[PDB]
Amino acid sequence: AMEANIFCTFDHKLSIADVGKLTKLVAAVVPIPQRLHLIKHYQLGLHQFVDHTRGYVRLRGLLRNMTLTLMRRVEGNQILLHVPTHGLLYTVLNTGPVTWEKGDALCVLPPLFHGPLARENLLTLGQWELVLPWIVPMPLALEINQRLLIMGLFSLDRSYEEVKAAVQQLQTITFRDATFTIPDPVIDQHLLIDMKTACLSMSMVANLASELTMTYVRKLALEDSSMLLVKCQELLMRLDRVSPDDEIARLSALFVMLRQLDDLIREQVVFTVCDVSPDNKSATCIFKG
Amino acid sequence: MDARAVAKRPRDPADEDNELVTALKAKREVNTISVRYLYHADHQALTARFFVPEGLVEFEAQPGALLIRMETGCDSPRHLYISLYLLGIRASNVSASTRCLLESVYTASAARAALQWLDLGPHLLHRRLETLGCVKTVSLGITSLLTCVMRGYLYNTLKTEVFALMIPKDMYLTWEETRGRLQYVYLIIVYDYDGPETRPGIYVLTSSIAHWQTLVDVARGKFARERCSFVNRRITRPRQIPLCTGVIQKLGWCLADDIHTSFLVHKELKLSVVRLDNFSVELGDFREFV
Amino acid sequence: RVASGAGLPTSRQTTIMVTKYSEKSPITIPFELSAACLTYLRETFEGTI
């Protein structure tokens, strides 16, 4: 009567105290890059995806196409992992730094903390370090995405002081008994390529919308059939106060910048809480994939 | 590993005994607890348990009603579980007669506090409403205990009675005269961005359409006036950021034949409702559109 | 534990493991033996009463 379980081993000589460190992480969701059956421990967590060169939201895009197992049982020489299926309930540990409550829509985010921190004593080897994805509720995830994206938008004008105080304002967030702070996406007054592609795509779709749409709705008024369409170009006239293959190229690049933004503008709720354990360390959630 | 292991017949749960029976039977003891039939083993519906103050559990002694947790910017009571009927004092869709009926049953302390908390923030409703699903039992204390149903059917213990989802008549809305073999149910919040009020209209749609684009293309065709109201308050009042004219989440699905009109009586207040007898709850996120 | 009523807060499974230690307290009472006594105890002298 065994369940479908993916077995993961370890190649290093894991000591007894390190297993005892590992045994606390029972209901901790760990991603998997590829649904194998027996997998090495180098592909268990985000430390196969750690890149000092690349940014943060590239990891958010690469977390979408993972497989998010749960540590079913920890013992000697192999670790059990449980692939969840849609509809059955599972316990999840609060590996994220945010408190949870009954019925919150949970979403999975790459951890905004890494390396040296007073609570980042994690499962570590000589070169391997286990890092866990964050599990935060839905509106906090939306707000964090907006904060990091706006802080990426201020990457060029950082020399002024109003922008610096704005970065100090956006970098922190108050939540339910949370004085949480995020890291800044810029380091050493130059921006990483992930955030640069994100803000470039957003600025491009905003600029192309500000360029094409007046001409298109002005062309649409000849074949106008709804009063919703004539009044929308009126506000374009209010706000404002070529080769055809290039026009096709402009529309195509607009849709390319639209396609390169779905990793930011939406996210799927993964868990929702049925019950939270007392002291908020764990909770019981149904799956929703 | 051999031929007989794969050639073994599949396992049925009711044929084999429970865990506790074969645990006690080995060491040869018998206790006063009867363990030969263990309840709630064959219960596919995922459920939970939530507390609620007494001020909200009117129109709730009947089993089967929607339950949406609403947000609250405080710290201690910061989450509160309100029924759909108590949200009826906020919908502009509700007529005056039904509103004066159901506001005359929530004349307690905490009901008006949730009424004020809905109309005190800078945000909309669907940025403060989170659906939990449907109840199936009460407990009726001074702090009543409810059992909500998260995913699956609604039934009693021992499955002897199928509870039915109730929705009031004003929020009901169909867009076809010929219902299919199935029709899903959706929860529609559509905002009226008119001058003195942004008080939305709450609707529960029972449609046979499944794919979401093929739902929103008729959602625009049924709520065009509110779209014009949204763009009108956008062009009229700049330096304001309106958003999400209509928000739709999938509530669940039904059988498209047991849907009939009924009523609930409570404190001799007859309220005409729509009764969905075999409703299976399948919650979804508040998907937003324009 | 005890069984409460419906809706009242119940009583959960409780495991408690404590540990009693052990102290230590040595004692010592010395005693002197004079060199005259130790000389006249083990050594044999001439045959006198």
# chains A, B, ... in the order shown; residues from 1 in each chain; ligands from 1

call {"tool": "interface_residues", "arguments": {"of": "chain B", "to": "chain A", "cutoff": "10 Å", "atoms": "only C-alpha atoms", "output": "MDAnalysis selection string"}}
result
chainID B and resid 11 44:50 68:69 73:75 78:79 127:128 130:132 148:152 224:225 227:229 231:232 234:236 282:285

call {"tool": "write_last_selection", "arguments": {"atoms": "N, CA, C and O atoms", "output": "compact mmCIF listing (two decimals), in the first residue's frame"}}
result
# COMPACT_ATOMS: atom_id res chain seq x y z
N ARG B 11 -6.59 -3.37 -4.55
CA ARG B 11 -7.00 -3.35 -3.15
C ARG B 11 -8.27 -2.54 -2.97
O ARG B 11 -8.36 -1.40 -3.44
N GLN B 44 -14.73 11.72 0.55
CA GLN B 44 -13.84 12.35 -0.42
C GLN B 44 -13.85 13.87 -0.33
O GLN B 44 -12.95 14.51 -0.88
N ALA B 45 -14.84 14.46 0.34
CA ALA B 45 -14.95 15.91 0.37
C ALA B 45 -14.00 16.47 1.42
O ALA B 45 -14.07 16.12 2.59
N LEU B 46 -13.11 17.35 0.98
CA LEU B 46 -12.13 17.94 1.88
C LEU B 46 -12.78 19.06 2.67
O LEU B 46 -13.35 19.98 2.09
N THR B 47 -12.69 18.98 3.99
CA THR B 47 -13.37 19.95 4.83
C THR B 47 -12.45 20.57 5.86
O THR B 47 -11.25 20.27 5.89
N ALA B 48 -13.00 21.42 6.72
CA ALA B 48 -12.21 22.16 7.69
C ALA B 48 -13.13 22.55 8.84
O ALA B 48 -14.24 22.02 8.98
N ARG B 49 -12.66 23.47 9.67
CA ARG B 49 -13.39 23.89 10.86
C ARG B 49 -12.98 25.31 11.21
O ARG B 49 -11.79 25.58 11.36
N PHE B 50 -13.96 26.20 11.34
CA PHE B 50 -13.69 27.61 11.59
C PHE B 50 -14.60 28.14 12.68
O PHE B 50 -15.74 27.71 12.82
N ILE B 68 -17.44 33.44 2.94
CA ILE B 68 -16.33 34.22 2.43
C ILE B 68 -15.68 34.93 3.60
O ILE B 68 -16.34 35.69 4.31
N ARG B 69 -14.38 34.71 3.81
CA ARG B 69 -13.68 35.47 4.83
C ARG B 69 -13.35 36.84 4.28
O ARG B 69 -12.88 36.98 3.15
N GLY B 73 -8.57 45.57 8.68
CA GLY B 73 -7.25 46.17 8.87
C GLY B 73 -6.74 46.20 10.30
O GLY B 73 -5.66 46.75 10.53
N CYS B 74 -7.45 45.62 11.25
CA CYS B 74 -7.04 45.60 12.64
C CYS B 74 -5.99 44.52 12.86
O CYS B 74 -5.37 44.01 11.92
N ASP B 75 -5.74 44.18 14.12
CA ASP B 75 -4.81 43.12 14.46
C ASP B 75 -5.48 41.90 15.07
O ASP B 75 -5.25 40.78 14.60
N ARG B 78 -8.74 40.59 12.92
CA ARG B 78 -8.35 41.02 11.57
C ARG B 78 -8.88 40.15 10.44
O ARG B 78 -8.80 40.55 9.27
N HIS B 79 -9.37 38.95 10.73
CA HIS B 79 -10.07 38.15 9.75
C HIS B 79 -11.43 37.80 10.31
O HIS B 79 -11.57 37.52 11.50
N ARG B 127 -10.51 42.82 -3.26
CA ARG B 127 -9.21 42.87 -2.62
C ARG B 127 -9.31 42.70 -1.12
O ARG B 127 -8.30 42.82 -0.42
N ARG B 128 -10.50 42.41 -0.60
CA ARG B 128 -10.69 42.10 0.81
C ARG B 128 -11.52 40.86 1.05
O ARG B 128 -11.59 40.40 2.19
N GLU B 130 -12.18 36.83 0.50
CA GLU B 130 -11.56 35.57 0.15
C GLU B 130 -12.55 34.45 0.42
O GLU B 130 -13.02 34.29 1.55
N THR B 131 -12.87 33.70 -0.62
CA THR B 131 -13.89 32.67 -0.53
C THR B 131 -13.33 31.45 0.19
O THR B 131 -12.17 31.09 -0.01
N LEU B 132 -14.15 30.84 1.04
CA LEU B 132 -13.78 29.59 1.68
C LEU B 132 -14.62 28.40 1.25
O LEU B 132 -14.15 27.27 1.40
N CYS B 148 -16.78 24.09 7.22
CA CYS B 148 -16.91 24.42 5.82
C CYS B 148 -16.38 23.28 4.95
O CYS B 148 -15.55 22.48 5.37
N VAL B 149 -16.88 23.23 3.72
CA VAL B 149 -16.49 22.21 2.75
C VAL B 149 -15.61 22.88 1.71
O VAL B 149 -16.04 23.81 1.03
N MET B 150 -14.37 22.42 1.59
CA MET B 150 -13.43 23.09 0.70
C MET B 150 -13.56 22.59 -0.73
O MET B 150 -13.73 23.39 -1.66
N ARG B 151 -13.47 21.28 -0.94
CA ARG B 151 -13.52 20.72 -2.28
C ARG B 151 -14.30 19.42 -2.23
O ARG B 151 -14.04 18.57 -1.38
N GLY B 152 -15.27 19.28 -3.14
CA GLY B 152 -16.04 18.06 -3.20
C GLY B 152 -17.52 18.29 -2.97
O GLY B 152 -17.99 19.43 -2.99
N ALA B 224 -22.16 45.76 -20.15
CA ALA B 224 -21.55 46.82 -20.93
C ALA B 224 -21.67 48.18 -20.25
O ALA B 224 -20.75 49.00 -20.34
N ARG B 225 -22.78 48.40 -19.54
CA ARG B 225 -23.04 49.68 -18.89
C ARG B 225 -22.00 49.98 -17.82
O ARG B 225 -21.56 51.12 -17.66
N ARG B 227 -18.93 48.84 -17.86
CA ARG B 227 -17.71 49.16 -18.59
C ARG B 227 -17.68 50.62 -19.01
O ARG B 227 -16.65 51.30 -18.88
N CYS B 228 -18.82 51.11 -19.52
CA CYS B 228 -18.92 52.53 -19.84
C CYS B 228 -18.80 53.39 -18.60
O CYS B 228 -18.22 54.48 -18.66
N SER B 229 -19.32 52.92 -17.47
CA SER B 229 -19.18 53.67 -16.22
C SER B 229 -17.73 53.72 -15.76
O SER B 229 -17.27 54.74 -15.24
N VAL B 231 -14.95 53.51 -17.78
CA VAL B 231 -14.22 54.44 -18.64
C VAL B 231 -14.72 55.88 -18.44
O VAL B 231 -13.94 56.82 -18.61
N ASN B 232 -15.95 56.06 -17.97
CA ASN B 232 -16.47 57.40 -17.74
C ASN B 232 -15.86 58.00 -16.49
O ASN B 232 -15.53 59.19 -16.47
N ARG B 234 -12.99 57.10 -15.45
CA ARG B 234 -11.59 57.29 -15.79
C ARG B 234 -11.38 58.61 -16.52
O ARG B 234 -10.44 59.34 -16.22
N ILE B 235 -12.26 58.93 -17.47
CA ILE B 235 -12.08 60.17 -18.22
C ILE B 235 -12.54 61.38 -17.41
O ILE B 235 -12.01 62.48 -17.58
N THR B 236 -13.47 61.19 -16.49
CA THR B 236 -14.03 62.30 -15.74
C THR B 236 -13.10 62.74 -14.62
O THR B 236 -12.83 63.93 -14.46
N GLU B 282 -15.67 23.70 -5.93
CA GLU B 282 -14.33 23.72 -6.50
C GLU B 282 -13.92 25.18 -6.59
O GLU B 282 -14.26 25.86 -7.56
N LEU B 283 -13.20 25.66 -5.58
CA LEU B 283 -12.91 27.08 -5.51
C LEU B 283 -11.84 27.48 -6.52
O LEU B 283 -11.05 26.66 -6.99
N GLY B 284 -11.83 28.77 -6.84
CA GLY B 284 -10.80 29.32 -7.70
C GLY B 284 -10.45 30.71 -7.22
O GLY B 284 -11.15 31.31 -6.41
N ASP B 285 -9.33 31.20 -7.75
CA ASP B 285 -8.89 32.55 -7.43
C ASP B 285 -9.81 33.57 -8.09
O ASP B 285 -10.44 33.30 -9.12

call {"tool": "interface_residues", "arguments": {"of": "chain C", "to": "chain B", "cutoff": "12 Å", "atoms": "only C-alpha atoms", "output": "list in words"}}
result
residues 5, 6, 7, 8 and 9 of chain C

call {"tool": "write_last_selection", "arguments": {"atoms": "N, CA, C and O atoms", "output": "PDB file, in the first residue's frame"}}
result
ATOM      1  N   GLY C   5     -17.132  19.233  26.455  1.00  0.00           N
ATOM      2  CA  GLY C   5     -18.347  19.247  25.673  1.00  0.00           C
ATOM      3  C   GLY C   5     -18.096  19.624  24.226  1.00  0.00           C
ATOM      4  O   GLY C   5     -16.963  19.720  23.754  1.00  0.00           O
ATOM      5  N   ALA C   6     -19.195  19.843  23.511  1.00  0.00           N
ATOM      6  CA  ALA C   6     -19.127  20.169  22.092  1.00  0.00           C
ATOM      7  C   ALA C   6     -18.695  21.617  21.923  1.00  0.00           C
ATOM      8  O   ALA C   6     -19.300  22.522  22.505  1.00  0.00           O
ATOM      9  N   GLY C   7     -17.642  21.833  21.136  1.00  0.00           N
ATOM     10  CA  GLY C   7     -17.163  23.160  20.831  1.00  0.00           C
ATOM     11  C   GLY C   7     -16.192  23.741  21.835  1.00  0.00           C
ATOM     12  O   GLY C   7     -15.476  24.690  21.503  1.00  0.00           O
ATOM     13  N   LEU C   8     -16.155  23.207  23.050  1.00  0.00           N
ATOM     14  CA  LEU C   8     -15.200  23.661  24.042  1.00  0.00           C
ATOM     15  C   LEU C   8     -13.793  23.211  23.649  1.00  0.00           C
ATOM     16  O   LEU C   8     -13.638  22.247  22.896  1.00  0.00           O
ATOM     17  N   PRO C   9     -12.754  23.922  24.101  1.00  0.00           N
ATOM     18  CA  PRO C   9     -11.383  23.522  23.750  1.00  0.00           C
ATOM     19  C   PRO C   9     -11.010  22.193  24.388  1.00  0.00           C
ATOM     20  O   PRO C   9     -11.172  22.000  25.594  1.00  0.00           O
TER      21      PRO C   9
END

call {"tool": "select_by_dssp", "arguments": {"residues": "region 30-197 of chain A", "states": "strand (DSSP E)", "output": "NGL selection string"}}
result
:A and (30-32 or 38-39 or 67-74 or 79-82 or 89-93 or 105-109 or 134-137 or 186-187 or 190-191)

call {"tool": "write_last_selection", "arguments": {"atoms": "N, CA and C atoms", "output": "tab-separated table (two decimals), in the first residue's frame"}}
result
chain	number	residue	atom	x	y	z
A	30	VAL	N	10.07	21.29	-1.60
A	30	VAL	CA	11.32	21.46	-2.33
A	30	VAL	C	11.00	21.26	-3.81
A	31	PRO	N	11.45	22.13	-4.70
A	31	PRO	CA	11.18	21.93	-6.12
A	31	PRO	C	12.05	20.84	-6.71
A	32	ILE	N	11.61	20.33	-7.86
A	32	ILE	CA	12.34	19.34	-8.64
A	32	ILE	C	12.36	19.79	-10.09
A	38	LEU	N	14.83	8.29	-9.31
A	38	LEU	CA	15.97	8.38	-8.42
A	38	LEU	C	16.82	9.56	-8.88
A	39	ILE	N	17.09	10.48	-7.97
A	39	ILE	CA	17.72	11.74	-8.32
A	39	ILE	C	18.83	12.03	-7.32
A	67	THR	N	8.64	20.96	-10.40
A	67	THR	CA	7.71	20.06	-9.74
A	67	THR	C	7.98	20.16	-8.26
A	68	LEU	N	6.94	20.40	-7.48
A	68	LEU	CA	7.09	20.84	-6.10
A	68	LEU	C	6.69	19.71	-5.17
A	69	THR	N	7.66	18.87	-4.83
A	69	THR	CA	7.38	17.73	-3.98
A	69	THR	C	7.37	18.14	-2.51
A	70	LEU	N	7.10	17.17	-1.65
A	70	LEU	CA	7.15	17.34	-0.21
A	70	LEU	C	7.97	16.21	0.39
A	71	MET	N	8.74	16.52	1.43
A	71	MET	CA	9.64	15.53	2.02
A	71	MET	C	8.82	14.55	2.84
A	72	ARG	N	8.56	13.38	2.27
A	72	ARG	CA	7.66	12.42	2.90
A	72	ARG	C	8.28	11.79	4.14
A	73	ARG	N	9.53	11.34	4.04
A	73	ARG	CA	10.21	10.74	5.18
A	73	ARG	C	11.72	10.88	4.98
A	74	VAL	N	12.42	11.15	6.08
A	74	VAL	CA	13.87	11.27	6.09
A	74	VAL	C	14.44	10.11	6.89
A	79	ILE	N	16.15	9.80	0.92
A	79	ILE	CA	15.10	10.68	1.43
A	79	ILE	C	13.85	10.44	0.60
A	80	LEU	N	12.71	10.33	1.26
A	80	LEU	CA	11.46	10.16	0.54
A	80	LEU	C	10.91	11.50	0.10
A	81	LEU	N	10.30	11.52	-1.08
A	81	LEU	CA	9.65	12.72	-1.59
A	81	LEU	C	8.31	12.34	-2.19
A	82	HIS	N	7.32	13.20	-1.97
A	82	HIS	CA	5.93	12.91	-2.29
A	82	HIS	C	5.44	13.92	-3.31
A	89	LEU	N	-5.09	16.78	0.31
A	89	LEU	CA	-4.56	17.76	1.24
A	89	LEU	C	-3.22	17.29	1.79
A	90	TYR	N	-2.35	18.25	2.08
A	90	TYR	CA	-1.02	17.94	2.58
A	90	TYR	C	-0.64	18.96	3.64
A	91	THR	N	0.21	18.56	4.56
A	91	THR	CA	0.77	19.49	5.52
A	91	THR	C	1.95	20.21	4.90
A	92	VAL	N	2.05	21.51	5.16
A	92	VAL	CA	3.15	22.33	4.68
A	92	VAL	C	3.74	23.07	5.86
A	93	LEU	N	5.07	23.04	5.98
A	93	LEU	CA	5.74	23.81	7.00
A	93	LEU	C	5.86	25.26	6.56
A	105	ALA	N	-4.68	32.26	0.38
A	105	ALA	CA	-4.27	31.70	-0.89
A	105	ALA	C	-2.75	31.76	-0.99
A	106	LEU	N	-2.10	30.60	-0.93
A	106	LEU	CA	-0.65	30.55	-0.86
A	106	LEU	C	-0.02	30.44	-2.24
A	107	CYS	N	1.11	31.11	-2.39
A	107	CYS	CA	1.86	31.10	-3.63
A	107	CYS	C	3.33	30.90	-3.31
A	108	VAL	N	4.07	30.44	-4.31
A	108	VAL	CA	5.44	29.98	-4.13
A	108	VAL	C	6.37	30.96	-4.81
A	109	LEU	N	7.31	31.51	-4.05
A	109	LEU	CA	8.23	32.50	-4.57
A	109	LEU	C	9.66	32.10	-4.25
A	134	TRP	N	10.33	30.27	-0.94
A	134	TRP	CA	9.43	30.90	0.01
A	134	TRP	C	7.98	30.60	-0.34
A	135	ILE	N	7.17	30.47	0.70
A	135	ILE	CA	5.74	30.24	0.57
A	135	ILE	C	5.05	31.39	1.27
A	136	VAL	N	4.48	32.30	0.49
A	136	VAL	CA	3.85	33.50	1.02
A	136	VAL	C	2.42	33.55	0.51
A	137	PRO	N	1.51	34.25	1.18
A	137	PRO	CA	0.15	34.40	0.65
A	137	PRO	C	0.12	35.27	-0.60
A	186	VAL	N	19.15	46.39	-7.56
A	186	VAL	CA	20.38	46.99	-8.04
A	186	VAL	C	21.46	46.76	-6.99
A	187	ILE	N	22.65	46.40	-7.44
A	187	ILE	CA	23.83	46.38	-6.60
A	187	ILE	C	24.95	47.11	-7.33
A	190	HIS	N	24.54	49.41	-10.85
A	190	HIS	CA	24.25	48.86	-12.16
A	190	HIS	C	23.27	47.71	-11.99
A	191	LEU	N	22.40	47.56	-12.98
A	191	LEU	CA	21.25	46.67	-12.89
A	191	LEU	C	21.51	45.36	-13.61

call {"tool": "atom_distance", "arguments": {"atom1": "CA of residue 169 (chain B)", "atom2": "CA of residue 278 (chain B)"}}
result
18.1 Å

call {"tool": "residues_around", "arguments": {"residues": "residue 199 (chain A)", "least_positions_apart": "5", "cutoff": "8 Å", "atoms": "only C-alpha atoms", "output": "list in words"}}
result
residues 149, 152 and 153 of chain A

call {"tool": "write_last_selection", "arguments": {"atoms": "N, CA, C and O atoms", "output": "compact mmCIF listing (two decimals), in the first residue's frame"}}
result
# COMPACT_ATOMS: atom_id res chain seq x y z
N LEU A 149 9.61 45.55 -8.83
CA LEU A 149 9.58 46.07 -10.19
C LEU A 149 9.70 47.59 -10.21
O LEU A 149 10.39 48.15 -11.07
N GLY A 152 13.17 48.43 -9.47
CA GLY A 152 13.95 48.28 -10.67
C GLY A 152 13.76 49.44 -11.63
O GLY A 152 14.68 49.77 -12.39
N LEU A 153 12.58 50.06 -11.62
CA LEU A 153 12.34 51.19 -12.51
C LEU A 153 13.13 52.43 -12.12
O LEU A 153 13.36 53.29 -12.97

call {"tool": "atom_distance", "arguments": {"atom1": "CA of residue 261 (chain A)", "atom2": "CA of residue 198 (chain A)"}}
result
7.0 Å

call {"tool": "atom_distance", "arguments": {"atom1": "CA of residue 175 (chain A)", "atom2": "CA of residue 117 (chain B)"}}
result
18.3 Å

call {"tool": "select_by_dssp", "arguments": {"residues": "region 130-244 of chain B", "states": "alpha helix (DSSP H)", "output": "PyMOL selection string"}}
result
chain B and resi 213-222+224-236

call {"tool": "residues_around", "arguments": {"residues": "residue 1 (chain C)", "least_positions_apart": "6", "cutoff": "10 Å", "atoms": "only C-alpha atoms", "output": "MDAnalysis selection string"}}
result
chainID C and resid 10:14

call {"tool": "write_last_selection", "arguments": {"atoms": "N, CA, C and O atoms", "output": "CSV table (one decimal), in the first residue's frame"}}
result
chain,number,residue,atom,x,y,z
C,10,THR,N,-10.5,21.3,23.6
C,10,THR,CA,-10.3,19.9,24.0
C,10,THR,C,-8.9,19.8,24.6
C,10,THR,O,-8.2,20.8,24.9
C,11,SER,N,-8.4,18.6,24.8
C,11,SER,CA,-7.2,18.3,25.4
C,11,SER,C,-6.4,17.4,24.5
C,11,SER,O,-6.9,16.4,24.0
C,12,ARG,N,-5.1,17.8,24.2
C,12,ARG,CA,-4.3,17.1,23.2
C,12,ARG,C,-3.4,16.1,23.9
C,12,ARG,O,-3.2,16.0,25.1
C,13,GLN,N,-2.7,15.3,23.0
C,13,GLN,CA,-1.7,14.4,23.5
C,13,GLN,C,-0.5,15.1,24.0
C,13,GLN,O,0.1,16.0,23.4
C,14,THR,N,-0.1,14.8,25.2
C,14,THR,CA,1.0,15.5,25.9
C,14,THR,C,2.1,14.5,26.3
C,14,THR,O,1.9,13.5,27.0

call {"tool": "residues_around", "arguments": {"residues": "residue 108 (chain B)", "least_positions_apart": "4", "cutoff": "10 Å", "atoms": "only C-alpha atoms", "output": "PyMOL selection string"}}
result
chain B and resi 54-56+58+104+112-113
